[PDB]
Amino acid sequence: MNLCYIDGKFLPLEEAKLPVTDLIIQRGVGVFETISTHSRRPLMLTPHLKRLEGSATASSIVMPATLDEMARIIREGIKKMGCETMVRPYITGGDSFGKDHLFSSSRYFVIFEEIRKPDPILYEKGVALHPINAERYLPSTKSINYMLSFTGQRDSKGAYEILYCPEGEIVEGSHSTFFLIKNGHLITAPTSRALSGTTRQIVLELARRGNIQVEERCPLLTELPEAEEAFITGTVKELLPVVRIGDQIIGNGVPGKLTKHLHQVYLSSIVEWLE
């Protein structure tokens, strides 16, 4: 059964509640991370928790607990779940922004859910993305503000996910890092424009090991017709092939050989980063 750690107790997820005074509710002041398990071990736990601290600090939120304590809560909740888990620690703004311009009464909670991997068919067929002329502001901060990721699916024609394409420059997915494959090179946006993905970080290491050239630049919507493949990355989704962006088919519209090869190396290699 799904759990939420809040106020020192693991609760059934559906019972845990947050006071409406909290500025996460009133004004969207919050940061979080998504951490997944393989063989019940958290992947990239320390990178995730360092990114959580980075997000909080960037947002003038004083940490309401140490990373060691969050690591403690996360391992214990995984053990309590007894299954592969997706774990989201949340840090809230809390009730006030002080005269010192800090949130010094932050609340925290951690959600534990049984992991929901995309359907095997999606890895076989690949997915479609809906491009929109928008961008994440302060992109290295993972805030709770995902509202664009949903509201944009009104005219998204059943797309799996939105793709942020400000001024025709591809930056990242609403929930993912985006990679294009052109003449057997990886192209992906620099961390000035996109979240510093944990999955993104592993894929660049796998590219270094495999002698695959990476260009850290925004791929362009106008380069898509010359691309062979595309995929998106995230801790739960792993590497998910992209076969269509808007009305533009990628390559011959099925997952490509380099995507499938990187996904196999990913699954073989990730033991190195289990904690």
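The numbering used is simple: start at 1 and walk along the sequence shown.
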- Query: Is residue 188 missing in a third or more of the other PDB entries that were compared?
  - Reply: no
- Query: When the other PDB entries of this protein are compared, is residue 79 left blank in at least a third of them?
  - Reply: no
- Would 214-222 or 238-246 have the larger average of its C-alpha temperature factors, as given in the entry? 214-222
- Item | 94-102 set against 124-132, stretch whose average Cα temperature factor tops the other in the entry | 94-102
- Highest Cα B-factor in the PDB entry belongs to which of 79, 88, 117, 200? 117
- Looking at the C-alpha B-factor of residue 161, is it in the lowest, middle or highest third of its chain? middle
- Entry-reported C-alpha B-factor of residue 62 relative to its chain, by third, is middle
- Message: Taking only the Cα B-factors deposited for this chain, tell me whether residue 110 sits in the lowest, middle or highest third.
- Response: lowest
- Lowest, middle or highest third: where is residue 183 by Cα B-factor in its chain? highest
- Cα B factor band for residue 270 (lowest, middle or highest third within the chain): middle
